[PDB]
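Novice: Dropping the structure in here first, questions after.
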6 protein chains.
Amino acid sequence: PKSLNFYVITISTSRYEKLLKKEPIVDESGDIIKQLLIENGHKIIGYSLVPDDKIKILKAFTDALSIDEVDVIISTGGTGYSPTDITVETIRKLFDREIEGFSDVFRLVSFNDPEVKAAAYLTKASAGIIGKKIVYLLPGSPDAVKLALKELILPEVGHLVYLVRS
Amino acid sequence: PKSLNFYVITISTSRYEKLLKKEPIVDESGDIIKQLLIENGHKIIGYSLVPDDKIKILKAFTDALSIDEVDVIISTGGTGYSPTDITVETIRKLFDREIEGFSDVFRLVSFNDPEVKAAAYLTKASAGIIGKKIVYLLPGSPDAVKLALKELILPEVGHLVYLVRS
Amino acid sequence: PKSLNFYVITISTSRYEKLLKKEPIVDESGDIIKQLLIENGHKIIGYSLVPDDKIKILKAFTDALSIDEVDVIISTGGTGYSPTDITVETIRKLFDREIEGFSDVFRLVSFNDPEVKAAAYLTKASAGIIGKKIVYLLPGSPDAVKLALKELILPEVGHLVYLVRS
Amino acid sequence: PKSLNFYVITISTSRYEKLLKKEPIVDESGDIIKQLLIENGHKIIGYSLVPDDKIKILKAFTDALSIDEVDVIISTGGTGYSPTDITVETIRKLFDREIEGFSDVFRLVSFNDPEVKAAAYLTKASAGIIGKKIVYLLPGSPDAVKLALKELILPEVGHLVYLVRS
Amino acid sequence: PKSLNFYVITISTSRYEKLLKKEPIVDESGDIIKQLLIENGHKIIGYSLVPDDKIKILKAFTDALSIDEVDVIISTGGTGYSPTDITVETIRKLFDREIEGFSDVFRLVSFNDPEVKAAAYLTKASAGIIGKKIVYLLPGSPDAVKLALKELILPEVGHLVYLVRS
Amino acid sequence: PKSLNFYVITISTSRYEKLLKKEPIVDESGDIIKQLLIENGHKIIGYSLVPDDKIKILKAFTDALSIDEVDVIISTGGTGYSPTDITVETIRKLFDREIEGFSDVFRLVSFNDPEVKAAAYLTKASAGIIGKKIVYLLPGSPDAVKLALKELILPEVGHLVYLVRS
Ligand SMILES: [Mg+2]
Ligand SMILES: [Mg+2]
Ligand SMILES: [Mg+2]
Ligand SMILES: [Mg+2]
């Protein structure tokens, strides 16, 4: 299988505000995505951290989309029903095609986690295609991100990139 | 855990026609919802019964939304593919935010019931948020309503109400 | 249980091009659909083969819809994320009502097939209602079509036809 | 021509807050609508005053829609681009059918007013049909309301009610 | 200037029913369209007559779209607010791209006709593009069809066909 | 009246291709916008030139939206029915609120020009609000841009900016 190039975006107001104050931050979810993607033979070619702000989130995504070498963009954060969760409403609109089934299949595997169960209906984690690039909008939770990567992204992303570019 | 205030809406033309004549009605599904809610420490602060009529359905929901003390509205009926089933089409247009995953997660738990299985794809049961209130639109079937309450609403609704109001 | 009348549409550019040249084609998925329907007491009252072309797909479907005796239309092909897959985007527009849950329940059954698993989120197989006729848009894959027929269509299609004509 | 029955809704936060404090209010726009509708042989069968609040606006409309004798509902207020203008976004969704051309034709006649001109593109005044009733969502401005009534509503509303009920 | 090939579709339930009975019909609007097109150097390469039935309307349009030589499809009938008027709702779905401004510019020219004026907001006449073919959905009214042809279609249709095939 | 800060975006593949080679460019439409704005006391705080490419268009707009000091963004190009015109389809998906009437009011003033007339229905020029900023998407034609600026933007934009920020 090909090594693919990934850009990672963390959407977290608390962490962004610390970055502004030059304070130490731990980005557990972003770290997990990088670690797993690298462990599996892929490359991280960029990373950004933004708060729950429409314009800032759009700029983070367009910056990544504008790098020709990027194959896949993965974000973590802002896909639930907190009043300030706006990631899906901001980005999903931009997809050339929504990968419609990613949302329900992610909720299916989430429902199977005995620590999640019915909480599965409280995520809007989504995937789509823009140009020849794939985009995954994942939850803030480290366990959720790990689940999405291992069960859904790592096994199929190669074939999906191939397919979209065929 | 917090006692929450619920408003129950039964959508049934046959039962509504009896109501108009003050003839006896058995509302099995509405009664199941009320009983399960009370057994779990919640309160029923309102109830209404309407037929499959767009205006009457809209009024039933707006009358409930107008009560400041209501936290959650649950309806039963009119969420399938009978020509006269219009509940979801009517009330989705009120949502501030659709709780998108409720539909497929409800169909997942329904499919898993060996008495239901593939019949799961014949429901459009849905949920959403209007203001600081949660709305669940459930099937007419007593067994479907019991499943939704026990497996999906009772376990998650407290945290969901908190989240939407945070 | 009614014998129902089915019209079968294969959407395959490679096979269509062979047709034009008057060469042998082998349509495994269409053949599977026909055999499983007949074996279950249903009738095949028409069949057509078209490429991934919008107008030709629309014509195939409207020709079938224009036959009063047709109860159900089932197509195979063009429901994935290949750049040329346009079946769902083309026909889903024509639905009076989308049978919304067919998509996710199909992906649920697909995901539980140990040979498919995560590949489940790469399909957009869908169903809908036009007039008093039911329409299923299935994948090109022979295994997917068998799964859809055995698990979802054959068990519920009788009741669904009844229901929409109620 | 028939005498038709109208329900008038004023959407104004300032006026609503005075009503709560039992203070005198002047509703110039509502008064103009009543006066002109009555001068032209029609009847006013109800009136309500609400602020720019989604739930309160929905309740005002459903209350009017639920009166069988009502033929037409006319509202004034909240159809522009103030952050708090939400009338169109709240009600337009509820239409069975939008009367699509009302919006642009109203902007056409507004553009012709030498005191409005290009300000015409800053209104979203709209019309639609719910059940057998017509709904007009008009601006807050008295001159705008007068214009809508004289040029668009009074001349055509009779035929439109007839048509919708045919 | 190209001679273009036009297909003409009349949507009229009363005239269709006469056809079935083999009685004389008189189609004034279709006749106007044909005469004005021919008089302007264009060709009529097909014609059909259908009632206000979704499937029959879809079949009329797809039959025309399936003729390679057809450049433009023009229909007359079913674009108002009669409960049986379904032309726009049916065909507008099929557009690759809606020619968005045809609707309001048609209503502008209509409004300026001193015999139409405010009746202008009661039409939904529309235009769109499917493949490399242009489609105009015009009212049933003979005067409306003449106006559309003379003021909007004949002057711009050549350039529009050129443009979409660019 | 307030001096406002504008960001001008030219969308032209031919000019962008020249830019890449640092070949001379004449951008008549962009220059007209800049000149009229400056003559009316406004400031140009940014400019970019992009081709008809979805990602590049999205980046141009997000780079402008990211400048706190920008009040209004005006683009020229790609708002017609050429197959490669994608400006409106791309940027409408960014709007918080579409300024719905800008489209038809622009077509009204365009139709009124005797050099344009029915050509008015071949544009999709649009406007919207993102955050506290206004966005106008104008045609490529120099005469169209001049008309939009003088008749629709310069007279109303000051009050509109105030309103959106109130
Ligand atoms: Mg665990
Ligand atoms: Mg059981
Ligand atoms: Mg005046
Ligand atoms: Mg001039």
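Chain identifiers are assigned as A, B, and so on, following the order in which chains appear in the structure tokens; residues are numbered from 1 within each chain, and ligands are numbered from 1 in order of appearance.
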Name all residues at most 6 Å from residue 12 in chain E (count only C-alpha atoms; drop same-chain ones fewer than 2 positions away) and give them as an NGL selection string.
Specialist: :E and (14-15 or 51)
Novice: Write out as a PyMOL selection string the residues lying within 9 Å of residue 97 in chain E, counting only C-alpha atoms and excluding same-chain residues fewer than 2 positions away.
Specialist: (chain E and resi 94-95+99-100+128-130) or (chain F and resi 81)
Novice: Go ahead and save the residues from that selection, with C-alpha atoms, as a tab-separated table (two decimals), in the first residue's frame.
Specialist:
chain	number	residue	atom	x	y	z
E	94	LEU	CA	-33.56	17.09	-13.14
E	95	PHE	CA	-31.53	20.26	-13.87
E	99	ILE	CA	-30.80	29.11	-14.70
E	100	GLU	CA	-31.76	30.93	-11.55
E	128	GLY	CA	-32.32	25.06	-16.58
E	129	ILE	CA	-29.54	23.08	-18.23
E	130	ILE	CA	-29.40	19.24	-18.57
F	81	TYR	CA	-23.22	29.70	-17.10
Novice: Which residues are close to residue 155 in chain E, i.e. within 12 Å by only C-alpha atoms, leaving aside same-chain residues fewer than 2 positions away? Reply as a list in words.
Specialist: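 In the requested form, the answer reads residues 1, 37, 40, 147, 148, 149, 150, 151, 152, 153, 157, 158, 159, 160 and 161 of chain E; 116, 117, 118, 119, 120, 121 and 122 of chain F.
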Novice: Neighbours of ligand 2 at 10 Å or closer, counting only C-alpha atoms and all ligand atoms: which residues, as a ChimeraX atom specification?
Specialist: /B:113-116,143-144,146-147
Novice: Extract, using only C-alpha atoms, all DNA, RNA and protein residues at most 6 Å from residue 135 in chain F, discarding same-chain residues fewer than 4 positions from it, and format them as a list in words.
Specialist: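 The residues satisfying every condition are residues 72, 73, 74, 127 and 128 of chain F.
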Novice: Export C-alpha atoms of the chosen residues as a CSV table (one decimal), in the first residue's frame?
Specialist:
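Below is the file that was written, out_39.csv:
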chain,number,residue,atom,x,y,z
F,72,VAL,CA,-16.4,44.1,2.6
F,73,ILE,CA,-15.1,41.6,0.0
F,74,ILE,CA,-16.0,42.1,-3.7
F,127,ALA,CA,-24.2,38.7,-1.9
F,128,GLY,CA,-24.0,37.5,1.6
Novice: Let's see if you can do this: from backbone DSSP, list all alpha helix (DSSP H) residues in chain C, as a PyMOL selection string.
Specialist: chain C and resi 13-20+28-39+54-65+87-91+101-111+142-148+154-164
Novice: For the selection just defined, write its residues with C-alpha atoms to a file, as an mmCIF file, in the first residue's frame.
Specialist:
data_model
loop_
_atom_site.group_PDB
_atom_site.id
_atom_site.type_symbol
_atom_site.label_atom_id
_atom_site.label_comp_id
_atom_site.auth_asym_id
_atom_site.auth_seq_id
_atom_site.Cartn_x
_atom_site.Cartn_y
_atom_site.Cartn_z
ATOM 1 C CA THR C 13 -20.509 1.315 -18.884
ATOM 2 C CA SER C 14 -18.231 -1.619 -19.815
ATOM 3 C CA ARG C 15 -21.180 -3.950 -20.442
ATOM 4 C CA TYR C 16 -23.179 -1.311 -22.293
ATOM 5 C CA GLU C 17 -20.252 -0.708 -24.676
ATOM 6 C CA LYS C 18 -20.100 -4.462 -25.376
ATOM 7 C CA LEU C 19 -23.857 -4.472 -26.105
ATOM 8 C CA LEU C 20 -23.407 -1.760 -28.767
ATOM 9 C CA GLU C 28 -23.697 -11.419 -12.840
ATOM 10 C CA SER C 29 -25.525 -8.962 -10.562
ATOM 11 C CA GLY C 30 -28.602 -8.602 -12.785
ATOM 12 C CA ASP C 31 -28.735 -12.376 -13.156
ATOM 13 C CA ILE C 32 -28.557 -12.779 -9.358
ATOM 14 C CA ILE C 33 -31.431 -10.305 -8.868
ATOM 15 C CA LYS C 34 -33.656 -12.032 -11.453
ATOM 16 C CA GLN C 35 -32.954 -15.556 -10.094
ATOM 17 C CA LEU C 36 -33.555 -14.598 -6.457
ATOM 18 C CA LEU C 37 -36.787 -12.778 -7.315
ATOM 19 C CA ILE C 38 -38.190 -15.621 -9.445
ATOM 20 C CA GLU C 39 -37.080 -18.195 -6.865
ATOM 21 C CA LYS C 54 -27.375 10.773 -16.637
ATOM 22 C CA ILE C 55 -29.853 11.011 -19.500
ATOM 23 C CA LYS C 56 -29.621 7.281 -20.304
ATOM 24 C CA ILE C 57 -30.135 6.414 -16.608
ATOM 25 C CA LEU C 58 -33.115 8.768 -16.379
ATOM 26 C CA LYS C 59 -34.622 7.210 -19.541
ATOM 27 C CA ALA C 60 -34.158 3.650 -18.196
ATOM 28 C CA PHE C 61 -35.969 4.573 -14.970
ATOM 29 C CA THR C 62 -38.808 6.565 -16.599
ATOM 30 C CA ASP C 63 -39.409 3.788 -19.154
ATOM 31 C CA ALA C 64 -39.852 1.380 -16.194
ATOM 32 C CA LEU C 65 -42.010 3.833 -14.189
ATOM 33 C CA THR C 87 -26.802 6.607 -9.996
ATOM 34 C CA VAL C 88 -27.840 7.908 -6.572
ATOM 35 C CA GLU C 89 -27.297 11.550 -7.425
ATOM 36 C CA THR C 90 -29.396 11.070 -10.577
ATOM 37 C CA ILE C 91 -32.387 9.047 -9.289
ATOM 38 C CA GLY C 101 -33.145 4.315 6.569
ATOM 39 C CA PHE C 102 -32.461 1.895 3.713
ATOM 40 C CA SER C 103 -29.001 3.485 3.288
ATOM 41 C CA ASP C 104 -27.786 3.081 6.855
ATOM 42 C CA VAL C 105 -29.465 -0.295 7.482
ATOM 43 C CA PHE C 106 -27.821 -1.597 4.279
ATOM 44 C CA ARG C 107 -24.481 -0.320 5.570
ATOM 45 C CA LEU C 108 -25.188 -2.000 8.969
ATOM 46 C CA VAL C 109 -25.770 -5.458 7.396
ATOM 47 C CA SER C 110 -22.791 -4.795 5.092
ATOM 48 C CA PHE C 111 -20.503 -3.865 8.003
ATOM 49 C CA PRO C 142 -22.654 -9.299 -6.931
ATOM 50 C CA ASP C 143 -22.163 -10.011 -3.224
ATOM 51 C CA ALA C 144 -23.732 -6.654 -2.245
ATOM 52 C CA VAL C 145 -26.786 -7.246 -4.393
ATOM 53 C CA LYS C 146 -27.310 -10.727 -2.951
ATOM 54 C CA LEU C 147 -27.026 -9.310 0.590
ATOM 55 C CA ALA C 148 -29.475 -6.487 -0.126
ATOM 56 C CA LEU C 154 -37.270 -9.843 -0.025
ATOM 57 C CA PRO C 155 -38.440 -9.739 3.634
ATOM 58 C CA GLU C 156 -40.034 -6.249 3.608
ATOM 59 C CA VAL C 157 -40.898 -5.319 0.037
ATOM 60 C CA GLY C 158 -44.430 -6.855 0.157
ATOM 61 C CA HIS C 159 -45.385 -4.844 3.229
ATOM 62 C CA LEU C 160 -43.830 -1.683 1.839
ATOM 63 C CA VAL C 161 -45.764 -1.975 -1.469
ATOM 64 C CA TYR C 162 -48.941 -2.556 0.566
ATOM 65 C CA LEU C 163 -48.190 0.423 2.811
ATOM 66 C CA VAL C 164 -47.503 2.993 0.054
#
Novice: What is the CA of residue 98 in chain F-CA of residue 8 in chain F distance in Å, reported with one decimal?
Specialist: 19.2 Å
Novice: What gap, in Å, lies between CA of residue 124 in chain D and CA of residue 82 in chain F?
Specialist: 28.9 Å
